Amino acid sequence: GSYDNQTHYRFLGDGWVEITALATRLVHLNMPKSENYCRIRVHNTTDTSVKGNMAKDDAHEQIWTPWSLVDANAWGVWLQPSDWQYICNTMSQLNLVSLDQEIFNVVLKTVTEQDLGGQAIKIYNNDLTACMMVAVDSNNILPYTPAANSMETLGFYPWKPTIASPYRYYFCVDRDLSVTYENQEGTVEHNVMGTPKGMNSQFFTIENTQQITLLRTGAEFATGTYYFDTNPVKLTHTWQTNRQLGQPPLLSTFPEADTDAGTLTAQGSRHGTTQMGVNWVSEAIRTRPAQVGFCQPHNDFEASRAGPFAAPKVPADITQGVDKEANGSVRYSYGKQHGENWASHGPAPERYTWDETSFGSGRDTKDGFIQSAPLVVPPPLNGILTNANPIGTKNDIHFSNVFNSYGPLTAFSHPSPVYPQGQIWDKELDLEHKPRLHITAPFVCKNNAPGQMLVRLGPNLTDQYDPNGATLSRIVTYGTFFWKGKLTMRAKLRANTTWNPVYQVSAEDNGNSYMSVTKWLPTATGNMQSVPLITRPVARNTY
Amino acid sequence: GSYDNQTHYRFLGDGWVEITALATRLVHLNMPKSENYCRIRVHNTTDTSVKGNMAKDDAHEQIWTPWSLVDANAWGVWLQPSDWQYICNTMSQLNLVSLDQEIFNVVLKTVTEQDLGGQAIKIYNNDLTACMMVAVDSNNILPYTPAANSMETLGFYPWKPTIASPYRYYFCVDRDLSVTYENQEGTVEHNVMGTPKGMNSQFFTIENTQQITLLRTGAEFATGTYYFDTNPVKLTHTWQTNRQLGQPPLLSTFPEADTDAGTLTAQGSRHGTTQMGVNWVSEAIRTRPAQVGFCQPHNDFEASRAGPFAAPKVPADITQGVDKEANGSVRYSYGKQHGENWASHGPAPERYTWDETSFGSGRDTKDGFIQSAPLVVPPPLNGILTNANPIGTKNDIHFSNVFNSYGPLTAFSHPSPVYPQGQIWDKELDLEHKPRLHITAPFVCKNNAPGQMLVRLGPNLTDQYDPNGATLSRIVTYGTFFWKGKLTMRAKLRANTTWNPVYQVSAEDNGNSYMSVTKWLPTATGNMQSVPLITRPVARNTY
Amino acid sequence: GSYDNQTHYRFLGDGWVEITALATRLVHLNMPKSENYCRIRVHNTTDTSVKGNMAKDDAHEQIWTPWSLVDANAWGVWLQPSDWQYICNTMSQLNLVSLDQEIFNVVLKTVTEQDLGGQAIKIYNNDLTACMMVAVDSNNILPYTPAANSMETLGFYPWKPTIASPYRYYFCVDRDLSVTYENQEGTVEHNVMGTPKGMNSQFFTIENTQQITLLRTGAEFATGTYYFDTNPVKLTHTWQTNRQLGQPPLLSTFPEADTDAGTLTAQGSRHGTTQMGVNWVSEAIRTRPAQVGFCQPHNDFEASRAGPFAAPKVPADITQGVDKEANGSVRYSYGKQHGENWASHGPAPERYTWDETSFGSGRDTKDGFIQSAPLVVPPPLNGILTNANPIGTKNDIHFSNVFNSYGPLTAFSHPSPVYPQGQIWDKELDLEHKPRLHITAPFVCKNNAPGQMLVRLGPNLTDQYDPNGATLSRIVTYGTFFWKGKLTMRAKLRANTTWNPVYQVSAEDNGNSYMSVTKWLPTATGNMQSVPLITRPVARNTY
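The record lists cryo-EM as the method behind this PDB entry and 3.32 Å as its resolution.

Next up, the structure:
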């Protein structure tokens, strides 16, 4: 029964900090809309029957459970904006050690109607006998639904009450949606969503799969110390592109003044190795150890059995010919509970394009080209496939949209954790050949995910209860409880090597910069906001 | 000297079955056509000189050895059709522990001619002194030729005598075959098969490489318990595509009746993350953890030093816009000894397109498209590369034939073992960077393959034997022997999680279904057949 | 205080699974209609005074107790539809080991009236002092009333609240109802129900016979581990009829093609034994070891001291001349709490004719006949009593309605447990010569039944309580409590003997088959249903 909410750094020897984060929020649990598990076939035939709207398709089928989950899978739950700044400036890498959770001070209440002055007011009595059910999926039978996807985790301000994210999982049906364009003459050949297949139909109930701990008013619950098995993410970014790996060419002449340029040895009489057949070596055509960053086939919509979906890109830099979509810049969309300014009296969420700090893996899709199989030094008109030639028959789809250049020697940095609206852990997929990375979470658990902590208000019935005919009348209940977490981490402090001062995440004055300190400060009525900080300030050397 | 042929399941604790399969067949060994090793240059100049016939090329060069191999690399040798059904319905995964082999009851006979009634009958005397040679390639010097490729393993019915597959391996020559089309004006520029190169020419004799155990009539041989080091394959299939990973969007309105649909929150005011630049999030464009299944460049014919060959695809689902060739559905072609109906009095084999159960990795190549680098919600005519636009100059080759979308975050399930005509183990290639999977065998041995068991009738000469001039007259011999194998496996029983009844491989009545029980039943004259069963009935959850 | 609801299989050695089922429901206990024991003489003189309505008689006399019983005597309480499928496909037999019960989280509430807006709403306060009474009939003095007879056991879906079945038992009076037919001229000679006889009149109160544990709000109760003594039922069906026992006759000629038939040795020169006097032996008249299945006198209405009742048949197959009533196919009639579709907005229950899988004991009542005492090979007109000759004077009552052919060598299989609406245990009758089987429960307890668990809301009186004059005014109370059970079982895994794939209980796609998976799936509003599964898929060999 303690409201611990602060982070303790415990400096061991050899520069190994043990960051022990702590979080505590008041979760406001409400009664379900129904106590029944039900599959709801979502289909937007008013939005995909228009020609060209295949990216506007969100038609699916989901089992909707009466349970709701307490998901704390975001960094803003555990760390302050000043704690992320102290970690990112000073530590060199971050790892996850353990995760301990707890539920205490369970309080359940009912509502009642009383007439006062001609109107009806609410009366909030206590239930000293009604319970709430806690199920922890420690073996992971149920589907893993992280609430950081729909932005439904716990609130990032410790002094605010939190709602609980309702639990639902995907039921697997068929969907076949035709491919048109923006003003196509004709029709949509297929817009049909199928039936439950007998092969792969999984109806998971929480009751038949979990061991449920009933919590009456005044009871506490605890899951003891899940231990992580993840790989350490790095809090320093890389800058070396493919043209900055190895030894530079030695200069024949040196600059006399500070503004002059140094000339190299001529290309016909220069040493080194190439892979082209020309009898000259330059900085562009050389033999590098590997290829830093690769060319994604950006904005492709693969079509599996469940309808079209955009293929996920690995996030890289948006290099100066600025292309956010061609490199996979994640566009977040969060609410008032997760970082929006509370003075935003609008229905639209606050949205932010996350810019990736790894400057070596970006692909400028306007200065990339492909020449012919022998190398001529000026290529002719038919000997170069530039990024302005139409692929197929149509313009606006050049070769960079279909060129996939992932190879056996492609190296790329792990994508950085965005601080407030991020996601900490994700479980690895149950397929036999698992991907190398997840683009949603920097820590992919190798063995087993921590438990989905599901909570549910137990049903309080009225006296007229007939279990046969068509009705379920129950007393209106709501419950509030405290959740306490404890995320132990393990960081390594930064060594100082370079001469010049490195980049640090400081907070500027009240202006119009992005680290304006008026953001992380409550207003005259208390409207806090959390905007994303930078994760990897200090550069590191790749090679 | 025991005819063990049955499978014993031994249930250990914690649900760990030790399946100990057993096989025994009577192998009918015949005399070779010649005792000489000879390289036979196969070249079909009557079939590839026609324009467009580059997939009809089977021109190569092979060393033909006088030895024949006893290959038991198929599941039908070890398991009954009722044993595969008990394993696939009830176990969750399968692993290989050991493999023990044995050769006993060696019987050699000669033939003779005797005149009876004006015609010549055969007389089958015994050889009590002639031997047969057994070589087991336990160190794997010789080339690894699995006889499950040419469908030449042991017979799948235990009550039938079996022939032995002749041993031959590939000799490495050059082949350059020109690329034409179906009615091209012109000629074939190159249809020449080269000479033995001095660099890579390997002539492997069984005599100079192996230790040969001579088996006279009444002797037995045994290789003691090769121990496997393979990875466990899974007997449960996945259904989750890329649009069914993660948390579903929460519904704003719920369906009133059982036939209504539930509407979601509008896309302009929905939370989550994308990787496109639009200020709305839908189910198609979201940020998934990985990409389940990838886009193969289907029906491409790469041309190495030894002529053209189709690049192998990873088998996936054939999702409802049915495309068996674009996802790599293996087309088997077996004979009367391996699963054809014995009443099929024809020269043509029985052939079956194996359909893959992993429903999440299939790629519908008619509803896949690529848009421009910024995202507009209806794309224009020049802003989408659909699957009906010609690539290059010609139709019927759209972008899906050349789009390779394998990336650093591509996840895909291991392909399932087809039961009767499958292949159990394959050795990993001796290259320095080995592939992730083999599309022919679910168990790739990490250290060393089990031994190629080669057998050969020892030469019985006549009295006029001159080792110099041009002849080798020898007595006509044939031999029959028993082979006994023992394949120990290790399976894990299935946990029951879902509410609804899962899919099971039952046998329907005498009708026209695929699991009609009249298939696995001998006819009025005894014509059995083995058709492929389903390997992964029960679905599992990927994420 | 744990909501365990899942089934654990614990695989011991030698293939002996210990299935430990678990159930937990929220039982909604209501106040009785009166606190008095009262015998209610039910007599439908508006329904049996019509001529011919003797099967429409449900006139009896019952003591109605103020107690209600928590009966968990059905398989749907303990097992999921996917758990029955895993047991029936994979296990060979089933036995009952123990049974442990528990009552916890007892919550009692009253209702009150408050005026709001001109109408009266209900107010549900708590009783922290009122109790509920729990009596467990561990010695079985009271009459054994299984609530699976009137379909009043606990609900089969774990996420639904359950009502408690009211307790009542039969008081023994006389009833004499005359036998008429459908349009008889005359009258009903006797339709009189008698008085309490002094010899056999038993008035059982729960108070004077049981030891009652009072449970106030926050107390728990437990009955410790009743241990069963039942016989194992078999989860594999038989198919061998009386004409498929023993050695077949050897064929003289064999079929040449797959469609030909094999002829036997002629009957005049065939060996074997008969029991007829003819000098020829055929397949019909032979000497079998026993008689599989017998001929019940179907649809007879015996008349004891308490009125007419249908004599119970042993359920057998309904063999192809389909007769469900002549073999005793049990016709179940269940409600919305026990397996009806919840979208059925009707007063009529859902009803299902249970079909028995034992294919060897069925009696086709159209191809059965009786010949004369010596055997002629074509019988004459007066030498055969076929199933079209009238018995007595009237048609529609042939000899199969009165032929009872149970003998000293009649063998018959035990009837199978229907899964959802079944009944698990029944106690054996207290008569000196007990029947061989019960047609309602596969496990008849040899020594002592588990205890009838009776529950009752303790009386809460108002302040004006006079124990003499005619009134009992009490406060309106209702109570909810959790019941936790634990049924340990003991199964044996299936051995695989046959070559062909055996029958398995799979789930087909969304169609119109009986194992359509849309049945075991909630709808868009959550209307689950439980239809009966098959209990004995895999066949076994009788002889």
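Now that the structure has been shown, the text picks up again.
**Q** For the sheet that holds strand β17 (residues 272–274) of chain B, give the residues involved together with the corresponding values.
**A** Within a sheet, each strand pairs with its neighbour through backbone hydrogen bonds, oriented either parallel or antiparallel. Reading across from one edge, β21(A)-β20(A)-β17(B) is the order of the three strands in this open sheet, with antiparallel pairing throughout. Of all the strands in the sheet, the pair left with one neighbour each is β21 (350–353) of chain A together with β17 of chain B. Taken pair by pair, the neighbouring strands of this sheet meet at an average axis angle of 20 degrees, ignoring direction. For strand β20 (residues 331–334) of chain A and β17(B), the ladder comprises three bridges, and the chain directions are antiparallel. The residue of β17(B) that forms the bridge with A:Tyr332 is B:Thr273.

**Q** Summarise the pattern of salt bridges; cite the residues concerned and give the values.
**A** Two side chains of opposite charge can pair, provided their charged atoms sit close to one another. Residue and element names in this part refer to chain A. Counted by the stated rule, this structure contains 48 salt bridges over all chains. Ionic pairing is found between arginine 456 and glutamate 35, a salt bridge with its closest N-O pair at 2.6 Å. A residue pair is termed long-range when its members are at least 10 positions apart, and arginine 456 in strand β27 (residues 452–457) and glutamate 35 in the loop between β2 (16–30) and β3 (38–42) qualify at 421 residues. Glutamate 35 matches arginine 456 in its accessibility class, with the two residues each being buried. Where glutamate 152 meets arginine 168, a salt bridge forms, and the shortest distance between an N and an O atom there is 3.2 Å.

**Q** Got a sec to walk through the nonpolar core? Specific residues and values, please.
**A** One finds B:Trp78, B:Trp483, C:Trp78 and C:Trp483 to be the most contacted residues of the largest nonpolar core, which totals 120 residues. Counting 63 residues, the second largest nonpolar core, distinct from the first, contains A:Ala21, A:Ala74, A:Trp84 and A:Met91.

**Q** So what about the interface of chain A and chain B? Which residues, and what values?
**A** On the side of chain B, 113 residues touch chain A, which itself brings 116 residues to the contact. Summing both sides of the interface, chain A and chain B together bury roughly 10,300 Å²; the carbon and sulfur share of this comes to 56%. A per-residue breakdown of the area chain A buries against chain B is headed by A:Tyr170, A:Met199 and A:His433, which together make up 8% of the total. At the boundary of chain A with chain B, the tally comes to five salt bridges.

**Q** Let's hear about a nonpolar patch on the surface: which residues, and what values?
**A** On the surface, C:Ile370, C:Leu385, C:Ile391, C:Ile397, C:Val402 and C:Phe403 cluster together into a nonpolar patch covering about 420 Å² of accessible area. With respect to the secondary-structure elements, C:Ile370 resides in strand β23 (residues 370–371).

**Q** So what about the sheet that holds strand β23 (residues 369–371) of chain B? Which residues, and what values?
**A** Pairing is antiparallel in the open sheet, where four strands are placed in the order β19(A)-β18(A)-β23(B)-β24(B). On the outer flanks of this sheet lie β19 (307–310) of chain A together with β24 (384–385) of chain B, each paired with one strand and no other. As paired strands, strand β18 (residues 300–304) of chain A and β19(A) are joined by four bridges and run antiparallel to one another. When the bridges of β19(A) are listed, A:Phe301 appears paired with A:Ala310.

**Q** Break down the relation of the copies chain C and chain B for me, with residues and values.
**A** For these two chains of identical sequence, chain C goes onto chain B by a turn of 180 degrees and a shift of 0.0 Å along the axis, with RMSD 0.0 Å. On this basis, the relationship between the two copies can be described by a two-fold rotation axis. Mapped onto chain B, 100% of the interface residues of chain C are again interface residues, and the two copies thus contact each other with one and the same surface.

**Q** Explain the UniProt feature "binding site: Mg(2+)" in chain A to me, and be specific about the residues and the numbers.
**A** Residue and element names in this part refer to chain A. Mapped onto this structure's residue numbering, the UniProt feature "binding site: Mg(2+)" falls at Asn139. With respect to the secondary-structure elements, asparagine 139 resides in the loop between β8 (131–137) and β9 (162–163). Taking the relative accessible area as the measure of exposure, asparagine 139 reaches 61% and is therefore exposed.

**Q** Please provide a residue-by-residue account of the interface of chain C and chain B, values included.
**A** The interface is formed by 48 residues belonging to chain C together with 48 residues belonging to chain B. The largest per-residue losses of area from chain C upon contact with chain B belong to C:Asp258, C:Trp499 and C:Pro501, which jointly make up 23% of the total buried on that side. Scanning the region where chain C abuts chain B turns up zero salt bridges. Across the contact surface, chain C and chain B share 16 residue pairs in polar contact. Of all elements in the fold, only β2 (8–12) and α2 (81–90) of chain C reach the threshold of two or more residues within the side of chain C that touches chain B. Broken down by class, the residue content of the side of chain C that touches chain B amounts to 26 nonpolar, 16 polar and six charged.

**Q** Lay out the environment of C:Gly526 with the relevant residues and their values.
**A** Turning to its location among the elements, C:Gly526 is positioned in the loop between β29 (477–493) and β30 (539–540). Note on C:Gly526: relative accessible area 2%, which makes it buried. Taking the C-alpha atoms as reference points, C:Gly526 and C:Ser282, separated by 244 residues in sequence, lie 60 Å from one another. Contact partners of C:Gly526, with chain neighbours within four places excluded, come to A:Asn36, A:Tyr37, A:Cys38 and C:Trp342.

**Q** Before we move on, could you go through α2(C) and cite the residues and values that matter?
**A** Across the 10 residues of α2(C), 10 count as buried, placing the element largely inside the fold. Of the residues making up α2(C), those classed as buried are C:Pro81, C:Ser82, C:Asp83, C:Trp84, C:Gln85, C:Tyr86, C:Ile87, C:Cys88, C:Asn89 and C:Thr90.

**Q** Report on the relation of the copies chain A and chain B, specifying residues and quantitative values.
**A** Placing chain A over chain B gives an RMSD of 0.0 Å and needs a rotation angle of 120 degrees, together with 0.0 Å of translation along the axis. Here the symmetry operator amounts to a three-fold rotation axis. By C-alpha distance to the rotation axis, the residue of chain A lying nearest is A:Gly392, at 3.5 Å. In this assembly, only 6% of the residues forming the interface of chain A have copies in chain B that are likewise at the interface, indicating a heterologous arrangement.

**Q** Hey, could you go over the packing of aromatic side chains for me, with residue numbers and the actual values?
**A** Enumeration according to the criterion identifies 70 aromatic pairs over all chains in this entry. When the centroid spacing of 6.2 Å and the interplanar angle of 40 degrees are considered together, the rings of B:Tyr157 and C:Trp499 count as tilted. Here B:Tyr157 is found in the loop between β8 (131–137) and β9 (162–163), whereas its partner C:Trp499 is found in the loop between β29 and β30 on a different chain. Owing to a relative accessible area of 14%, C:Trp499 belongs among the buried residues under this scheme. Measuring from centroid to centroid gives 6.1 Å for C:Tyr167 and C:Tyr169, while their planes differ by 40 degrees, and the two rings are tilted. The structure contains a cluster of three or more aromatic residues connected by ring pairs, namely A:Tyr37, A:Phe203, B:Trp499, C:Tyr157, C:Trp159 and C:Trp342. Across from the ring centre of A:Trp16, 4.3 Å away, lies the NZ or CZ of A:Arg490, which sits over that ring.

**Q** Provide a residue-level description of the environment of A:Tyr419, including the pertinent values.
**A** Residues and elements named next belong to chain A. Summarising the element assignment, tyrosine 419 is placed in the loop between β24 (410–411) and β25 (425–427). Here the alpha-carbon distance between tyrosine 419 and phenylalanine 254, two residues 165 residues apart in the chain, equals 45 Å. Discounting chain neighbours no more than four positions away, the residues touching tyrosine 419 are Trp75, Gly76, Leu79, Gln80, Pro81, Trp84, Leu533 and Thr535.

**Q** Break down unusual backbone geometry for me, citing the residues and quoting the values.
**A** Phi is positive for A:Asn140, which is not a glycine, with a value near 60 degrees. Within the fold, A:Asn140 resides in the loop between β8 and β9. Positive phi, normally seen in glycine, also occurs at C:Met151, with a value near 55 degrees. If you trace the backbone, C:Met151 turns up in the loop between β9 (131–137) and β10 (162–163).

What counts and how
Residues numbered from 1 in each chain as written, not as in the entry; some residues may be left out. Chains lettered and ligands numbered in written order. Part of a larger assembly, values for the part shown. Heavy atoms only, no water. Pairing = 2+ DSSP bridges. Helix = DSSP H or I, 4+ residues; strand = E, 2+ residues; numbered from the N terminus. Axes fitted to C-alpha atoms, helices over the stretch in contact; angles between N-to-C directions. Salt bridge = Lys/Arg side-chain N within 4 Å of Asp/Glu carboxyl O. Buried < 20%, exposed > 50% of the residue type's maximum accessible area, 1.4 Å probe, protein only. Core = buried A, V, L, I, M, F, W, Y, C linked by side-chain atoms within 4.5 Å. Contact = heavy atoms within 4.5 Å. Buried area = accessible area lost by both parts, 1.4 Å probe. Patch = residues over 30% accessible without salt bridge, like charges linked within 9 Å, V, L, I, M, F, W, Y side chains within 5 Å. Areas by Shrake-Rupley, 256 points an atom, 1.4 Å probe, with all protein chains shown as cover. Least-squares fit on C-alpha atoms. UniProt positions renumbered as here; feature names shortened; annotations may be inferred. Polar contact = N/O pair within 3.5 Å; in protein donor to acceptor, adjacent residues only side chain to side chain. Nonpolar A, V, L, I, M, F, W, Y, C, P; charged D, E, K, R; others polar. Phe/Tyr/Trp six-rings, centres within 6.5 Å; stacked < 30°, edge-to-face > 60°. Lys NZ or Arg CZ within 6 Å of the ring centre and 35° of its normal.

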